[PDB]
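Okay, structure first, notes after.
Side chains included, hydrogens not; waters and symmetry mates left out as well; all remaining heavy atoms used. Counting starts at 1 for both ligands and their atoms, following the listed order. Positions are given from 1 along the sequence.
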Amino acid sequence: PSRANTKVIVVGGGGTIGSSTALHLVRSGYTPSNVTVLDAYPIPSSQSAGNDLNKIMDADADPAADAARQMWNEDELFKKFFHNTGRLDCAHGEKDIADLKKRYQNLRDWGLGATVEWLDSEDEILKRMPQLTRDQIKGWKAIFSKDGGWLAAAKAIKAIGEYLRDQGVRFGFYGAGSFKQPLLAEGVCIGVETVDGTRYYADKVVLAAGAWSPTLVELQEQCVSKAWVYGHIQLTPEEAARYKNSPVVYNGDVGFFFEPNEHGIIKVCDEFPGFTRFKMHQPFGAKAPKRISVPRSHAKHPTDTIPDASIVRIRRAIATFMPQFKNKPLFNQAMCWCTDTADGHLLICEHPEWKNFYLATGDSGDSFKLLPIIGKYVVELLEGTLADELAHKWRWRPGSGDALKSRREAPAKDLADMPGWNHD
Ligand SMILES: Cc1cc2nc3c(=O)[nH]c(=O)nc-3n(C[C@H](O)[C@H](O)[C@H](O)COP(=O)(O)OP(=O)(O)OC[C@H]3O[C@@H](n4cnc5c(N)ncnc54)[C@H](O)[C@@H]3O)c2cc1C
């Protein structure tokens, strides 16, 4: 078929890469009624890693991230969800400071020197963030990124879902949206079947199932799914007013926090290598069950919280960043799932055996900032127009390294070994 006549199913279309793909199909002139978004949960999916009050907009010298940054500034659908507060990337101790100097030097060497400034003392840091405590940031240096800030993530995906609804995109959710298998005819994918038995037929299928991708089809451990954690504190209107338009504050050895949302709520994250949840599971294409990391979904198990070890790290972030708030209860604790490749690059490729089935995953914990742009690259993959360098960087690559460690400091620990999260 031609493009007005091409049917495409986006599996995981309630999440980050999937909603972006559906948007870029519509914007590229695919007929909205020929696009079907399938998700386990209605857009924005309650288990999407993008279903979050906030994410950091930390675009670097990377072409895709920079193209995304421009859309967060200029695109009429997205721009209202980007808060250009700036970002403090803070470092403490001999090794982290040396790595921050080098990151700074690299950004100068890459021609972003005008967007960033080196803060060489605590006085320089308190100038940009006077709500910090001088005592707790003794010896800290920072890169202040003027271009940075934070993204109203769940609101941005919701806004894509409302736009797609109004265009006449087709939806299937719950049993009617939860992918079970591809429909294959002589090695060609011609649609999908969901858990309730519903079949959808299309010319092309995109698997944008995030941390669920390696659970749904055999990916030969090129993606390993891991959880990260957050909790919330509630500020009085007077407390929240002191933090209005605060930059994002990050320290790789502490974690990070955001300015309060419109309800006075501050989200706090630690910084760590993520948690697996290994269990026996048989993805489509696997000859028998395998021990793989299967997300433990907060949407399916809303009584779940986070490990005790995670609460302690978040309390330490609050004690370091916001000592006056050590007494506030930490609430709406949740695990948030991503999938790492060995090299931390995306997995955006045609399936090597199932023609017209495409992977769009490998988010590796840092892809929410790509929400505006990433579906453009997926449409280019479907159309055969993706740049060779990106076709290689995002290629099918089992056996290319250990995704349990990936490019992080250590192999992820497992939730089986981390008490405090399960309240069943
Ligand atoms: C705590 C945390 C903090 C983060 N901070 C940042 C940050 O500051 N900046 C940044 O850029 N990135 C950040 N990230 C990373 C970012 O959130 C992810 O890289 C990105 O959102 C992943 O997008 P995705 O589309 O691959 O997955 P998702 O958005 O999770 O989408 C996957 C979708 O697949 C659906 N699905 C699952 N199973 C099925 C099925 N059987 N059938 C159909 N659909 C299914 C899910 O319901 C979901 O909607 C953070 C992530 C977490 C968890």
Side-chain angles (χ1 to χ4, degrees), residues 9-21 36-60 65 68-69 72 87 148-151 153-154 156-157 160-161 172-181 192-195 205-217 223 225-231 248 250 255-256 258 267-272 274-275 283-284 294-295 297-300 306 310 314 333-340 344 346-348 359-371 374-375 378:
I9 295 160
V10 180
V11 179
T16 311
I17 298 178
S19 68
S20 188
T21 297
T36 298
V37 157
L38 297 182
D39 202 300
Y41 292 90
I43 185 163
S45 161
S46 48
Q47 66 181 5
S48 169
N51 191 334
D52 199 340
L53 291 182
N54 29 48
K55 301 287 193 198
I56 309 179
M57 161 55 207
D58 50 354
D60 32 273
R69 186 204 101 236
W72 283 121
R87 180 177 75 269
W150 66 264
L151 298 170
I157 299 174
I160 300 181
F173 300 128
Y174 299 113
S178 298
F179 173 100
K180 178 176 191 170
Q181 65 190 274
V192 307
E193 184 166 334
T194 66
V195 295
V205 175
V206 178
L207 187 71
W212 294 270
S213 302
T215 80
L216 293 173
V217 304
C223 293
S225 298
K226 303 163 191 179
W228 281 269
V229 300
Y230 56 67
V248 174
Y250 180 96
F256 54 97
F258 298 91
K267 195 193 83 199
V268 185
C269 285
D270 66 340
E271 184 54 88
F272 82 110
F275 298 125
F284 187 84
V294 178
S297 168
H298 186 86
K300 181 180 180 193
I306 64 180
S310 304
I314 291 170
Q333 301 166 25
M335 295 186 287
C336 171
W337 291 86
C338 303
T339 202
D340 271 350
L346 297 158
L347 179 64
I348 295 170
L359 289 310
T361 183
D363 74 282
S364 302
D366 65 9
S367 297
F368 188 77
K369 65 174 167 280
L370 301 184
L371 180 69
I374 190 58
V378 179

Query - Evaluation steps, side chain to side chain contact (heavy atoms under 4.5 Å, CB included), between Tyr41 and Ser48 - result: CA-CA 9 Å; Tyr41 292 90; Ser48 169; over 6 Å; no
Query raised in the report: Do any nitrogen or oxygen atoms of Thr16 lie less than 3.5 angstrom from nitrogen or oxygen atoms of ligand 1?
Result: yes
Query raised in the report: If you count the atoms of ligand 1 from 1 in the order shown, which ones are under 4.0 Å from a heavy atom of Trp228?
Result: 1 (C)
Requested in this report: State, yes or no, whether a side-chain contact exists between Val192 and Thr36 at a heavy-atom distance under 4.5 Å.
Outcome: no
**Report entry** Contact check: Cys338 vs ligand 1, nitrogen or oxygen atoms, below 3.5 angstrom
**Finding:** no
Report task. Mind running side chain to side chain contact (heavy atoms under 4.5 Å, CB included) on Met335 and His298 for me, showing each step along the way? Result -> CA-CA 7 Å; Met335 295 186 287; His298 186 86; 5.8 Å; no
Query raised in the report: With atoms numbered from 1 as shown, which atoms in ligand 1 lie under 4.0 angstrom from a non-hydrogen atom of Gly177?
Result: 42 (N), 43 (C)
Query - Proximity of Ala211 to ligand 1 by residue part, where a heavy atom lies under 4.0 Å - result: neither
Requested in this report: Provide the number and element of each atom of ligand 1 under 4.0 Å from a heavy atom of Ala208.
Outcome: 32 (C), 33 (C), 34 (O)
Report task. Check whether any N or O atom of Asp39, backbone or side chain, sits under 3.5 Å from an N or O atom of ligand 1, and answer yes or no. Result -> yes
Query - ligand 1 atoms in contact with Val11 (distance to a heavy atom under 4.0 Å) - result: 42 (N), 43 (C)
Query raised in the report: Looking only at protein heavy atoms, which one is nearest to atom 39 (C) of ligand 1, and how far off is it?
Result: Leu216 CD1, 4.0 Å
Query raised in the report: Which ligand 1 atoms, with their elements, are less than 4.0 angstrom from a heavy-atom of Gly15?
Result: 29 (O), 31 (O), 49 (O)
Query raised in the report: Heavy atoms, side chains only, cut-off 4.5 Å: are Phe256 and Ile56 in contact?
Result: yes
Report task. Output yes when the distance from some N or O of ligand 1 to some N or O of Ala360 is under 3.5 Å, and no in every other case. Result -> no
Query - Shortest protein heavy-atom distance from atom 16 (C) of ligand 1, along with the residue and atom involved - result: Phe368 N, 3.6 Å
Query raised in the report: How far is atom 53 (C) of ligand 1 from its nearest protein heavy atom, and which residue and atom is that?
Result: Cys336 SG, 2.0 Å
**Report entry** Test side chain to side chain contact (heavy atoms under 4.5 Å, CB included) applied to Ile306 and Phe275, step by step
**Finding:** CA-CA 10 Å; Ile306 64 180; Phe275 298 125; over 6 Å; no
Query raised in the report: For ligand 1, which atoms, with element, lie under 4.0 Å from some heavy atom of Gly50?
Result: 21 (O), 29 (O)
Query raised in the report: Between the side chain of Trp228 and the main-chain N/O of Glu271, is any donor-acceptor distance below 3.5 Å?
Result: no
**Report entry** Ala176 versus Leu38, closest heavy-atom pair with distance
**Finding:** O-CD2, 3.8 Å
Query raised in the report: Quick one: OG1 on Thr194 to CG on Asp39, what's the gap to the nearest 0.5 Å?
Result: 12.0 Å
Query raised in the report: Which of the atoms of ligand 1 are close to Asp366, meaning less than 4.0 Å from one of its heavy atoms?
Result: 11 (O), 12 (N), 15 (C), 19 (O)
Query - Nearest heavy-atom neighbours spanning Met57 and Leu151 - result: CB-CG, 3.8 Å
Query raised in the report: Should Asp363 be counted as touching ligand 1, given the test is an N or O pair under 3.5 Å?
Result: yes
Query raised in the report: Where do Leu207 and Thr361 land on the side chain to side chain contact (heavy atoms under 4.5 Å, CB included) test, with the steps shown first?
Result: CA-CA 7 Å; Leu207 187 71; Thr361 183; 5.9 Å; no
Query - Nearest non-hydrogen protein atom, atom 13 (C) of ligand 1 - result: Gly365 O, 3.6 Å
Query raised in the report: So which heavy atom in the protein is nearest atom 9 (N) of ligand 1, and how far is it from that ligand atom?
Result: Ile56 O, 3.1 Å
Query raised in the report: Heavy atoms only: which of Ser45, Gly14, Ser48 is nearest to atom 28 (P) of ligand 1?
Result: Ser48
Requested in this report: Would you indicate which of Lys55, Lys369, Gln47, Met57 comes nearest to atom 4 (C) of ligand 1 when only heavy atoms are counted?
Outcome: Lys55
Requested in this report: Examine distances only and state if a side-chain atom of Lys267 and a backbone atom of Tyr230 form a donor-acceptor pair shorter than 3.5 Å.
Outcome: no
**Report entry** Side-chain donor-acceptor pair present, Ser225, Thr339, cut-off under 3.5 Å
**Finding:** yes
Report task. Do me a favour and list the nearest non-hydrogen protein atom to atom 34 (O) of ligand 1 with residue, atom name and distance? Result -> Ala209 CA, 3.3 Å
Query raised in the report: Is there a donor-acceptor pair under 3.5 Å between the side chain of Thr21 and the backbone N or O of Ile17?
Result: yes
Query raised in the report: Of all the heavy atoms in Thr361, does at least one lie under 4.0 Å from an atom in ligand 1?
Result: no
**Report entry** N/O donor-acceptor pair under 3.5 Å between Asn51 side chain and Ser45 backbone
**Finding:** yes
Query - Which residue and heavy atom of the protein sit nearest atom 30 (O) of ligand 1, plus the separation - result: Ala49 N, 2.9 Å
Query raised in the report: Which of the atoms of ligand 1 are close to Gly12, meaning less than 4.0 Å from one of its heavy atoms?
Result: 33 (C), 34 (O), 35 (C), 43 (C), 44 (N)
Requested in this report: Measure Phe179 to ligand 1 on non-hydrogen atoms and call it side chain, backbone, both or neither using the 4.0 Å cut-off.
Outcome: both
Query - Sub-3.5 Å N/O-N/O distance, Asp58 and ligand 1 - result: no
Report task. Would you name the heavy atoms of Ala49 and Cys338 that are closest together and state the gap between them? Result -> CB-SG, 4.4 Å
Query raised in the report: Looking only at protein heavy atoms, which one is nearest to atom 25 (O) of ligand 1, and how far off is it?
Result: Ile17 N, 2.8 Å
Query raised in the report: Heavy atoms, side chains only, cut-off 4.5 Å: are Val10 and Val378 in contact?
Result: no
